[PDB]
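Enquirer: First the structure, then my questions, so here it is.
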Amino acid sequence: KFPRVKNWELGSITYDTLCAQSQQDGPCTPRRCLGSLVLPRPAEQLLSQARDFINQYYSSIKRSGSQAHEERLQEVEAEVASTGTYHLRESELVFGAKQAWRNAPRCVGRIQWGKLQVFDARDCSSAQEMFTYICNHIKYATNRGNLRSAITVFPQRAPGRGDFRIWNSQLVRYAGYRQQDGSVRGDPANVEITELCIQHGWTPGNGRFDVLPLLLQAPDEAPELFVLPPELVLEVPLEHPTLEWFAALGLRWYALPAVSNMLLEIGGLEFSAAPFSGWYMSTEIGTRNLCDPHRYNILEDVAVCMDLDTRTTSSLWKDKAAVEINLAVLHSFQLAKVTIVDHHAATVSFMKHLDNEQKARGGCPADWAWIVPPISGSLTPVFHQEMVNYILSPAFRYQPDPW
Amino acid sequence: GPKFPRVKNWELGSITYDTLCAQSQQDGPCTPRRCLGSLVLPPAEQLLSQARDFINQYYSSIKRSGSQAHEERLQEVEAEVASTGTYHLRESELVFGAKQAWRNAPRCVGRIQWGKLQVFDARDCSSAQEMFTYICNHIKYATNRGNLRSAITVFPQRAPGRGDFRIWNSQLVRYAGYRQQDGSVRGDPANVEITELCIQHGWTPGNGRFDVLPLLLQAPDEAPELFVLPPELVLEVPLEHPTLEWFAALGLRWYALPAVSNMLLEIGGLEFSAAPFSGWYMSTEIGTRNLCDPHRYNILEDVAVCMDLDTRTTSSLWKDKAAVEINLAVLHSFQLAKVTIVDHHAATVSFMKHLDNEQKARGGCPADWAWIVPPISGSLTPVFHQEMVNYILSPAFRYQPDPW
Ligand code: HEM
Ligand code: HEM
Ligand SMILES: CNCCN(C)c1cccc(CCc2cc(C)cc(N)n2)c1
Ligand SMILES: CNCCN(C)c1cccc(CCc2cc(C)cc(N)n2)c1
Ligand SMILES: CNCCN(C)c1cccc(CCc2cc(C)cc(N)n2)c1
Ligand SMILES: C[C@H](O)[C@H](O)[C@H]1CNc2nc(N)[nH]c(=O)c2N1
Ligand SMILES: C[C@H](O)[C@H](O)[C@H]1CNc2nc(N)[nH]c(=O)c2N1
Ligand SMILES: [Zn+2]
């Protein structure tokens, strides 16, 4: 059986046949669906994943079954047979990284998947050198506000040794300072990493938007501390198009969303340090980062400034304040000439991506709970679109924290 | 550690384990290879086991498992089955089963109320005219002049050989949907087919945006008959806004009573093909889905124009702004009219309380995240941050094929 997928707004129906190429089990079983869960609970194997990936690569360049194709499988086989592992050509790696983004079910930004600048950093042997590559990435990706998607790929994992790792979950994070009286100053999501930085010698600040340093780790060594040159970290001060007092709140966010703690798996090789960046969708900053109860939690403050009735839920003060905060983010980013996409625009393009992918591959892995935005869900077309979630390789995956 | 699904709340950081799912006797649409959780719609020896299971559920609920009465009722049920092929529920078993079906419904956010359900037994009903009297009674009792009371009316069970009782309409209250020559729809496009069915069966149609449909009621092996609800039994709330004076001029309205009439109620293998149930609305159902879905009333652009918003670009957030005010109008207008309603914040907070109750009482709660999280302001509600486990328990409300 192939899943019958329906759009309830338009009445149209597709069949996902791509899921048959899934070689990895998810968390669901016939007895119960575990879809809303955020986190998960041999030479022949490697060789098999290598052959299958090499076959995808040569299929992608219309040279499948050719001579260069067969010699490449020969190479891979020979290298694994002798050393237990192998290595990718740079052009293969580039193909692999784009394909991993393309396959990421939780990503609403995949219309962009073919446009990705890939920096090969596999020739890196120290934390200092990682830092050099990281600064290059940030400088390129940021491009004075004209953001460009990029990934930098550090050396693959090896059986013999510890991993290359970036300890920070993103290249840019605001410190979270735990007070003696339980509360948090700054970003509460970053309390643990803030404390790790301090322990490793960083002189902390006392602000709510203190850009953290990076903890970079070369294999089997203590991580090293590197401060990002403040001119490389582009930030956008937040104001509101019609609410003059909003700017007073001193709110701000950084331009570059660059995830640095996921593992990139291509053809069985694993890249434990491979930071990637694109550009923000406004709800990430406006709704989640600023309004989550366990993040900056600014909803009530903004509601009070707007003079809303905050004593009852039925006045929708939360809904009203959230919309103004999101609007302030879009306004501010557009004012600063920094790329951002609103959730209506983002989801319309994802619908186009679904149709592209339906034609190119016969389906598209999508995580509904993650694709539908955190405000105004049914106001976007993805809400009305059934989706099929499953795991394809190449893939980005979670990995354990290196401490 | 524990060999059951681990469930995390990401706002609070707390963990539970769902052991209730072990009790699931029916498989959903998911497999290890792919998740189909976002899809809306993916006997003799059999009957006995389902029956035995339900009777065990019943005797546990009254804390008498293993007792003399428990084993006698088991013998009583398998006796009746062996000699007829089916069996009858005691009254109190029906009341238990109906409640348990609601308690078990994964897509329902209102389940904190589950123990408070008035069950009207109508298993004696023997005509379509009689079904109508029962339905009127339900509506009268449940509406209660605006102070809504949850209720279900249970009509006769499927009987081997004999045809089903069916209410053709999807709800007891439904606005007509009149397809136009230009291909558009006047009224509710959700109800185009049932509207045409009513006409085909001799209803004289109106031409408004809010014409209350007649009921098509079908007794065993008979053609359905048409029944017009007396307008004084159908409570409606005109929609106005607390500060935007022009909103009332839009002439929008909604009915007080959400009463679902097309689901099958399954208890212990017995099937009640007509068993309409009603509660009260969550405001987002009306304010967001029914009024702003593009394939429903689709008034978002109308309202945004009245609010003088820039509808030419997505990034003005005109949709979001307009949706918020429409939802506000629904709440304000129901409150003014003294008609029970619950906003999505109060509703989701109470659902979180329900999850905690069920965690202690049953070791879990089957829940469908995509349906539990509201259609506006998702992450502003606590359920967005709550992982959920979805599975099918019985007694249950189930979808059944349309009778035509
Ligand atoms: C170009 C603009 C992009 C936009 C607007 C975008 C948007 C998003 C959003 C909103 C999420 C949900 C994140 C959250 O709520 O925490 C997400 C997830 C994700 N993104 Fe994209 N993204 C973009 C580019 C990229 C790129 C360039 C990559 C990698 C090459 C990527 C890989 C991923 C992955 C793997 C996830 C899922 C993470 C997980 O499973 O936890 N994205 N994206
Ligand atoms: C008392 C207040 C109640 C509230 C606020 C409430 C709320 C809701 C909401 C918002 C939905 C989502 C439906 C949709 O989006 O179309 C729903 C679904 C559902 N409700 Fe409740 N409900 C209530 C009472 C009841 C009662 C009394 C019953 C039965 C005795 C019931 C059974 C169900 C079932 C079976 C579903 C899911 C049906 C499906 O799968 O489509 N509800 N409810
Ligand atoms: C732990 N779960 C989520 C945190 N991680 C690892 C994660 C992964 C992917 C995306 C995000 C949100 C940040 C982000 C990244 C990119 C590339 C684009 C974008 N708009 N946002 C965060
Ligand atoms: C509300 N009506 C059902 C009450 N119950 C459970 C009930 C009523 C009368 C008799 C019985 C005994 C079971 C039984 C056996 C046989 C041969 C026929 C029958 N109708 N019921 C059970
Ligand atoms: C696709 N699923 C729709 C099935 N139907 C008709 C259905 C079932 C249950 C609930 C609803 C929404 C209407 C409703 C009913 C009740 C009892 C309470 C409430 N707040 N809303 C609709
Ligand atoms: C429990 C639930 O799955 C969790 O809160 C998810 C819901 N959907 C999400 N969607 C996005 N884009 N990002 C998130 O962090 C989450 N969180
Ligand atoms: C495709 C998707 O599952 C579908 O649009 C669902 C999403 N969640 C929902 N949630 C509720 N409460 N009601 C609905 O009708 C839907 N529709
Ligand atoms: Zn699933």
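Chain labels run A, B, ... following the order of the structure tokens; each chain numbers its residues from 1, and ligands are numbered from 1 in the order shown.
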Please write out the residues within 9 Å of ligand 2 as JSON, numbers by chain, counting only C-alpha atoms and all ligand atoms.

Expert: {"B": [40, 41, 98, 99, 100, 101, 102, 103, 104, 105, 106, 107, 108, 109, 110, 111, 112, 113, 114, 116, 117, 118, 119, 148, 149, 150, 151, 152, 258, 259, 260, 263, 265, 276, 277, 278, 279, 280, 281, 282, 283, 284, 285, 289, 341, 342, 343, 344, 347, 371, 372, 374, 375, 396, 397, 398, 399]}

Enquirer: What residues in chain B have any atom no more than 6 Å from chain A when counting only C-alpha atoms, and can you write them as a count of residues only?

Expert: 24

Enquirer: Which residues sit within 10 Å of ligand 4, counting only C-alpha atoms and all ligand atoms, listed as a PyMOL selection string?

Expert: chain B and resi 73-84+86-94+121+123-124

Enquirer: Grab the residues selected above and save them as a PDB file, in the first residue's frame with N, CA and C atoms.

Expert:
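Result saved to result-v6.pdb:
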```pdb
ATOM      1  N   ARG B  73     -22.722 -11.643  34.659  1.00  0.00           N
ATOM      2  CA  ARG B  73     -22.999 -10.802  33.499  1.00  0.00           C
ATOM      3  C   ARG B  73     -22.251 -11.315  32.267  1.00  0.00           C
ATOM      4  N   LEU B  74     -21.037 -11.813  32.476  1.00  0.00           N
ATOM      5  CA  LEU B  74     -20.283 -12.436  31.396  1.00  0.00           C
ATOM      6  C   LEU B  74     -21.055 -13.622  30.842  1.00  0.00           C
ATOM      7  N   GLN B  75     -21.479 -14.526  31.726  1.00  0.00           N
ATOM      8  CA  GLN B  75     -22.291 -15.671  31.319  1.00  0.00           C
ATOM      9  C   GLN B  75     -23.590 -15.223  30.652  1.00  0.00           C
ATOM     10  N   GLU B  76     -24.181 -14.159  31.188  1.00  0.00           N
ATOM     11  CA  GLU B  76     -25.411 -13.579  30.659  1.00  0.00           C
ATOM     12  C   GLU B  76     -25.232 -13.114  29.213  1.00  0.00           C
ATOM     13  N   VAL B  77     -24.099 -12.466  28.945  1.00  0.00           N
ATOM     14  CA  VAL B  77     -23.795 -11.935  27.619  1.00  0.00           C
ATOM     15  C   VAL B  77     -23.520 -13.045  26.607  1.00  0.00           C
ATOM     16  N   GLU B  78     -22.707 -14.031  26.983  1.00  0.00           N
ATOM     17  CA  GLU B  78     -22.383 -15.113  26.049  1.00  0.00           C
ATOM     18  C   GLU B  78     -23.552 -16.071  25.839  1.00  0.00           C
ATOM     19  N   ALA B  79     -24.468 -16.105  26.805  1.00  0.00           N
ATOM     20  CA  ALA B  79     -25.713 -16.851  26.652  1.00  0.00           C
ATOM     21  C   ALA B  79     -26.570 -16.195  25.580  1.00  0.00           C
ATOM     22  N   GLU B  80     -26.847 -14.903  25.750  1.00  0.00           N
ATOM     23  CA  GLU B  80     -27.654 -14.170  24.778  1.00  0.00           C
ATOM     24  C   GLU B  80     -27.026 -14.199  23.379  1.00  0.00           C
ATOM     25  N   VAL B  81     -25.702 -14.098  23.301  1.00  0.00           N
ATOM     26  CA  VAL B  81     -25.030 -14.127  22.001  1.00  0.00           C
ATOM     27  C   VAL B  81     -25.214 -15.483  21.328  1.00  0.00           C
ATOM     28  N   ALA B  82     -24.903 -16.552  22.052  1.00  0.00           N
ATOM     29  CA  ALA B  82     -25.016 -17.905  21.516  1.00  0.00           C
ATOM     30  C   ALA B  82     -26.425 -18.254  21.038  1.00  0.00           C
ATOM     31  N   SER B  83     -27.437 -17.614  21.618  1.00  0.00           N
ATOM     32  CA  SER B  83     -28.824 -17.910  21.257  1.00  0.00           C
ATOM     33  C   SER B  83     -29.468 -16.893  20.308  1.00  0.00           C
ATOM     34  N   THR B  84     -28.800 -15.767  20.062  1.00  0.00           N
ATOM     35  CA  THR B  84     -29.339 -14.750  19.160  1.00  0.00           C
ATOM     36  C   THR B  84     -28.306 -14.223  18.167  1.00  0.00           C
ATOM     37  N   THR B  86     -26.313 -11.730  19.045  1.00  0.00           N
ATOM     38  CA  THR B  86     -26.053 -10.376  19.510  1.00  0.00           C
ATOM     39  C   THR B  86     -26.422 -10.337  20.996  1.00  0.00           C
ATOM     40  N   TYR B  87     -26.423  -9.151  21.598  1.00  0.00           N
ATOM     41  CA  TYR B  87     -26.824  -9.013  23.002  1.00  0.00           C
ATOM     42  C   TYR B  87     -27.225  -7.569  23.312  1.00  0.00           C
ATOM     43  N   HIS B  88     -27.786  -7.347  24.497  1.00  0.00           N
ATOM     44  CA  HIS B  88     -28.271  -6.027  24.902  1.00  0.00           C
ATOM     45  C   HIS B  88     -27.462  -5.483  26.066  1.00  0.00           C
ATOM     46  N   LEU B  89     -27.223  -4.180  26.062  1.00  0.00           N
ATOM     47  CA  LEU B  89     -26.564  -3.516  27.174  1.00  0.00           C
ATOM     48  C   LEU B  89     -27.578  -3.165  28.252  1.00  0.00           C
ATOM     49  N   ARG B  90     -27.208  -3.355  29.516  1.00  0.00           N
ATOM     50  CA  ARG B  90     -27.981  -2.755  30.595  1.00  0.00           C
ATOM     51  C   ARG B  90     -27.907  -1.239  30.422  1.00  0.00           C
ATOM     52  N   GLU B  91     -28.886  -0.539  30.970  1.00  0.00           N
ATOM     53  CA  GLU B  91     -28.884   0.919  30.982  1.00  0.00           C
ATOM     54  C   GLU B  91     -27.562   1.523  31.498  1.00  0.00           C
ATOM     55  N   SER B  92     -27.117   1.088  32.675  1.00  0.00           N
ATOM     56  CA  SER B  92     -25.911   1.663  33.275  1.00  0.00           C
ATOM     57  C   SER B  92     -24.653   1.366  32.468  1.00  0.00           C
ATOM     58  N   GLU B  93     -24.634   0.222  31.794  1.00  0.00           N
ATOM     59  CA  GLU B  93     -23.561  -0.095  30.852  1.00  0.00           C
ATOM     60  C   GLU B  93     -23.548   0.849  29.653  1.00  0.00           C
ATOM     61  N   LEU B  94     -24.727   1.231  29.173  1.00  0.00           N
ATOM     62  CA  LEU B  94     -24.808   2.186  28.062  1.00  0.00           C
ATOM     63  C   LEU B  94     -24.292   3.551  28.509  1.00  0.00           C
ATOM     64  N   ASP B 121     -31.512   7.488  26.721  1.00  0.00           N
ATOM     65  CA  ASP B 121     -31.678   6.173  26.121  1.00  0.00           C
ATOM     66  C   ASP B 121     -32.855   6.255  25.147  1.00  0.00           C
ATOM     67  N   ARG B 123     -33.205   3.629  22.695  1.00  0.00           N
ATOM     68  CA  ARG B 123     -33.137   2.322  22.056  1.00  0.00           C
ATOM     69  C   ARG B 123     -34.516   1.699  21.821  1.00  0.00           C
ATOM     70  N   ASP B 124     -35.560   2.378  22.278  1.00  0.00           N
ATOM     71  CA  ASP B 124     -36.926   1.946  22.012  1.00  0.00           C
ATOM     72  C   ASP B 124     -37.523   2.563  20.732  1.00  0.00           C
TER      73      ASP B 124
END
```

Enquirer: Taking 6 positions as the minimum chain separation for residues in the same chain, which residues sit within 10 Å of residue 91 of chain A when counting only C-alpha atoms? Answer as a PyMOL selection string.

Expert: chain A and resi 57+118+120

Enquirer: Nearest to ligand 6: which of A:259, A:321, A:107, A:43 is it, counting only C-alpha atoms and all ligand atoms?

Expert: A:107

Enquirer: For ligand 1, return the neighbouring residues as an MDAnalysis selection string (distance at most 7 Å; only C-alpha atoms and all ligand atoms).

Expert: chainID A and resid 97:98 101 104:110 112:113 116 149:151 276:281 284 341 346 370 396:397

Enquirer: Mind the document's chain letters and residue numbers, and return as a PyMOL selection string the residues of segment 17-146 of chain A that DSSP labels strand (DSSP E).

Expert: chain A and resi 117-120

Enquirer: How about saving the chosen residues, N, CA, C and O atoms kept, as an mmCIF file, in the first residue's frame?

Expert:
```cif
data_model
loop_
_atom_site.group_PDB
_atom_site.id
_atom_site.type_symbol
_atom_site.label_atom_id
_atom_site.label_comp_id
_atom_site.auth_asym_id
_atom_site.auth_seq_id
_atom_site.Cartn_x
_atom_site.Cartn_y
_atom_site.Cartn_z
ATOM 1 N N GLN A 117 25.430 26.905 -0.727
ATOM 2 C CA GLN A 117 26.871 27.023 -0.868
ATOM 3 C C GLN A 117 27.538 26.055 0.112
ATOM 4 O O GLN A 117 27.304 26.121 1.316
ATOM 5 N N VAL A 118 28.368 25.161 -0.411
ATOM 6 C CA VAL A 118 28.993 24.128 0.398
ATOM 7 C C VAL A 118 30.470 24.406 0.572
ATOM 8 O O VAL A 118 31.227 24.457 -0.405
ATOM 9 N N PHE A 119 30.886 24.606 1.819
ATOM 10 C CA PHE A 119 32.305 24.795 2.115
ATOM 11 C C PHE A 119 32.924 23.523 2.649
ATOM 12 O O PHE A 119 32.553 23.054 3.727
ATOM 13 N N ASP A 120 33.881 22.984 1.896
ATOM 14 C CA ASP A 120 34.619 21.796 2.291
ATOM 15 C C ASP A 120 35.682 22.156 3.345
ATOM 16 O O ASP A 120 36.670 22.823 3.041
#
```

Enquirer: One decimal, Å: what's the distance from atom CA of residue 399 of chain A over to atom CA of residue 168 of chain A, could you say?

Expert: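 That distance, rounded to one decimal, is 12.8 Å.
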
Enquirer: Tell me which protein, DNA and RNA residues are within 10 Å of residue 242 of chain B, counting only C-alpha atoms, leaving out same-chain ones fewer than 6 positions away, and put them as number ranges by chain.

Expert: A: 315; B: 248, 325, 328-329, 331-333, 336

Enquirer: Using only C-alpha atoms and all ligand atoms, find the one residue out of B:373, B:128, B:176, B:393 that sits nearest to ligand 6.

Expert: B:373

Enquirer: When distances are computed from only C-alpha atoms, which of A:66, A:393, A:146, A:206 shows the smallest separation from residue 175 of chain A?

Expert: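 Counting only C-alpha atoms, the residue closest to residue 175 of chain A is A:206.
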
Enquirer: Residues near residue 338 of chain A, anyone? I mean within 9 Å using only C-alpha atoms, not counting same-chain ones fewer than 3 positions away, as a ChimeraX atom specification.

Expert: /A:142,144-147,236,255,279,332-335

Enquirer: For N, CA and C atoms, I'd like the residues from the last selection saved as a PDB file, in the first residue's frame.

Expert:
```
ATOM      1  N   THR A 142      26.161  35.769   5.830  1.00  0.00           N
ATOM      2  CA  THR A 142      25.498  37.004   6.221  1.00  0.00           C
ATOM      3  C   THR A 142      25.395  38.007   5.067  1.00  0.00           C
ATOM      4  N   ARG A 144      26.125  41.020   4.393  1.00  0.00           N
ATOM      5  CA  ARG A 144      25.586  42.352   4.684  1.00  0.00           C
ATOM      6  C   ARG A 144      24.055  42.431   4.741  1.00  0.00           C
ATOM      7  N   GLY A 145      23.414  41.312   5.054  1.00  0.00           N
ATOM      8  CA  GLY A 145      21.969  41.287   5.200  1.00  0.00           C
ATOM      9  C   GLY A 145      21.274  40.572   4.060  1.00  0.00           C
ATOM     10  N   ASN A 146      21.992  40.388   2.958  1.00  0.00           N
ATOM     11  CA  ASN A 146      21.480  39.627   1.823  1.00  0.00           C
ATOM     12  C   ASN A 146      21.849  38.152   1.997  1.00  0.00           C
ATOM     13  N   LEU A 147      21.147  37.488   2.911  1.00  0.00           N
ATOM     14  CA  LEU A 147      21.547  36.160   3.381  1.00  0.00           C
ATOM     15  C   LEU A 147      21.602  35.095   2.294  1.00  0.00           C
ATOM     16  N   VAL A 236      19.595  42.809  14.447  1.00  0.00           N
ATOM     17  CA  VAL A 236      18.503  43.688  14.042  1.00  0.00           C
ATOM     18  C   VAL A 236      17.733  44.194  15.265  1.00  0.00           C
ATOM     19  N   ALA A 255      20.655  38.178  12.774  1.00  0.00           N
ATOM     20  CA  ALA A 255      20.227  37.920  11.409  1.00  0.00           C
ATOM     21  C   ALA A 255      20.354  36.447  11.002  1.00  0.00           C
ATOM     22  N   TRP A 279      17.941  31.549   6.262  1.00  0.00           N
ATOM     23  CA  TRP A 279      17.409  32.792   6.781  1.00  0.00           C
ATOM     24  C   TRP A 279      16.155  32.500   7.586  1.00  0.00           C
ATOM     25  N   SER A 332      11.095  45.385  11.244  1.00  0.00           N
ATOM     26  CA  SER A 332      12.475  45.663  11.641  1.00  0.00           C
ATOM     27  C   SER A 332      13.496  45.023  10.706  1.00  0.00           C
ATOM     28  N   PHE A 333      13.266  43.770  10.327  1.00  0.00           N
ATOM     29  CA  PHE A 333      14.189  43.094   9.421  1.00  0.00           C
ATOM     30  C   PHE A 333      14.173  43.733   8.038  1.00  0.00           C
ATOM     31  N   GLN A 334      12.982  44.087   7.562  1.00  0.00           N
ATOM     32  CA  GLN A 334      12.843  44.699   6.246  1.00  0.00           C
ATOM     33  C   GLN A 334      13.463  46.089   6.259  1.00  0.00           C
ATOM     34  N   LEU A 335      13.336  46.765   7.390  1.00  0.00           N
ATOM     35  CA  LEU A 335      13.926  48.079   7.562  1.00  0.00           C
ATOM     36  C   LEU A 335      15.448  48.028   7.566  1.00  0.00           C
TER      37      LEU A 335
END
```

Enquirer: Please measure the separation of atom CA of residue 154 of chain B and atom CA of residue 275 of chain B, giving the value in Å to one decimal.

Expert: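 Taking atom CA of residue 154 of chain B and atom CA of residue 275 of chain B, their separation equals 4.5 Å.
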
Enquirer: Where in segment 189-381 of chain B does DSSP assign helix (DSSP H, G or I), given as a PyMOL selection string?

Expert: chain B and resi 189-200+231-233+245-250+283-292+300-306+314-316+318-336+344-362+369-372+378-380

Enquirer: Work out how far apart atom 11 (C, counted along the ligand's line) of ligand 6 and atom CA of residue 364 of chain A are and give it in Å to one decimal.

Expert: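 One can read the atom 11 (C, counted along the ligand's line) of ligand 6 to atom CA of residue 364 of chain A distance as 17.7 Å.
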
Enquirer: So, counting only C-alpha atoms, which residue among A:53, A:245, A:177, A:15 is closest to residue 363 of chain A?

Expert: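 For residue 363 of chain A, the nearest of the candidates is A:15.
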